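Structure first, then comments.
In the UniProt record's numbering, the protein residues as written are 98 to 194, 215 to 269, 278 to 321, 745 to 810, 815 to 889, 894 to 937, 977 to 1020.
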């Protein structure tokens, strides 16, 4: 229990910076929504922008708490106080709904707040999972009960399938963040006992080029050396869960889209069938690079490490991480003018790019902007202005989280190589 305390007080500055950035983002979402609310929803202003701006000063106060020595003692409590406040504001914003707001706007709030609770607030797993699901079940319950009929069975299943996707991504994001945080602390701990961040903010590469080059092939040489899967952060085993997560996210997100139709276009069946065929093959390789059954030969191994290379993995991982995105857009046709479902579903397709932490964050985040958010944006070409603000906020969260988890998995590898280096000495 003392080593977990020691881990906490060493990792606490990361939790400080993480939580502080969430306050800046939550206020930015509140500020941006206020400006949009003040122009396209002038019918009810003092009730729709006042809670949004009142939360702005709350974030400043929560920012003020951060420098206080009392926050250093109970930072878990401080994050809990914000989480309920952000929960209450978002359900309140969903309580009310020219005088109407699209559902995708509310769904972005539900998704964005959930990702904050799971990834940036450092609450316990049981608290984050139960509080998140309780918020998700209350978000859906309030919407179905407090909906407006003036403007707007299997539908209920679609909500759980969609909300199941984010919780799966959120818990995977939180678990991966925890195991890398715990592993990095131990390995620098072993490094300091053996003796007795070199990452540029922009490009996210090790400042030492030799370390950068060995980083790229590290997963490749992991397969060639056939390193046994030791912990949850092993590069080969880490790949298995993200490939697994891409399977579940794509399966359910495709299940919802097929639920709306229950004739699907031949483009819908073709992309899903290829996606399932690629997913089962990609999933099979992930379990085969980890478990290495007795049926293995050298011929199949040679292509196994070949895939593990830096470039080809980004070639296949880009398709894999985007496969939920192409699943949604295979269900669109010329009869688009239907739009609420794809917008809500594409909200999770762009969310899914937070997966595959091994891949470069810049590739995944840009793919989300270009292939997971872009096709819906120019398809529309105020609902149009809303989805622009909706996807900008979610992408901004996706872009930032990919930045934070990449440097986490980068610094985890830095701790391993130094710990491995000190073991050879």
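Backbone N, C-alpha and C define an ideal beta-carbon position, used for all residues, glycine too.
Query: Whose CA, out of 290, 260, 826, lies closest to the CA of residue 875?; Result: 826
Query: Within a Cβ cutoff of 8 Å, which residues of the same chain sit near residue 1014, ignoring the five residues on either side of it in sequence?; Result: 312, 313, 315, 316, 319
Query: Are the stretch 122-138 and the stretch 982-989 in contact at 8 Å, needing three or more beta carbon pairs?; Result: yes
Query: Do residue 1000 and residue 122 count as a contact pair if the criterion is CB distance below 8 Å?; Result: no
Query: CA-CA distance, residue 270 and residue 159?; Result: Missing here is residue 270: after 269, the next number in the chain is 278.
Query: I'd like to know if the stretch 894-914 and the stretch 923-933 are in contact, where contact means that at least 3 CB-CB pairs between them fall below 8 Å.; Result: yes
Query: Using DSSP bridges, identify the partner residues of residue 843.; Result: BP columns for residue 843 are empty, so no partner.
Query: Could you tell me which residues DSSP pairs with residue 754 in its beta bridges?; Result: 747
Query: Would you mind stating whether residue 992 and residue 232 have Cβ atoms separated by less than 8 Å?; Result: yes
Query: Please classify residue 772 as buried or exposed, where buried requires at least 16 other C-beta atoms within 10 Å of its C-beta.; Result: exposed
Query: Any contact of the stretch 818-838 with the stretch 877-887, i.e. 3+ C-beta pairs under 8 Å?; Result: yes
Query: Going by beta carbon distance, what residues of the same chain come within less than 8 Å of residue 1012, once the five residues before and after it are set aside?; Result: 759, 762
Query: Span of the alpha helix (DSSP H) holding residue 307?; Result: 279-320
Query: With 16 other CB atoms within 10 Å as the buried threshold, where does residue 242 fall?; Result: exposed
Query: Would you mind giving the Cβ-Cβ distance between residue 305 and residue 1004, rounded to the nearest angstrom? I have them listed as a contact below 8 Å.; Result: 6 Å
Query: Give me, in chain order, the residues of the same chain whose beta-carbon lies closer than 6 Å to that of residue 902; leave out the 5 immediate sequence neighbours on both sides.; Result: 880, 932
Query: For the candidate residues 110, 168, 193, whose alpha-carbon lies nearest to that of residue 143?; Result: 193
Query: In or out: residue 284 buried (at least 16 other Cβ within 10 Å) or exposed?; Result: buried
Query: Leaving out five residues before and five after residue 137 in sequence, what residues of the same chain have Cβ atoms less than 8 Å from its Cβ?; Result: 215, 977, 980, 981
Query: Leaving out five residues before and five after residue 187 in sequence, what residues of the same chain have Cβ atoms less than 6 Å from its Cβ?; Result: 226, 230
Query: Specify the secondary structure class of residue 816 as computed by DSSP and reduced to three states.; Result: coil
Query: Indicate the three-state DSSP secondary structure (helix, strand or coil) for residue 267 in the structure shown.; Result: coil
Query: For a minimum of 4 consecutive residues, which ranges assigned as the alpha helix (DSSP H) are wholly contained in the stretch 98-176?; Result: 99-137, 147-164, 166-170
Query: Going straight from the alpha carbon of residue 292 to that of residue 302, what length do you get?; Result: 15 Å
Query: Return the first residue and the last residue of the alpha helix (DSSP H) that residue 258 is part of.; Result: 242-262
Query: Assign residue 810 to one of three DSSP states: helix, strand, or coil.; Result: coil
Query: How would you call residue 779, buried or exposed, if buried means at least 16 neighbouring beta carbons within 10 angstroms?; Result: exposed
Query: With 16 as the cutoff for other CB atoms within 10 Å, does residue 910 come out buried or exposed?; Result: buried
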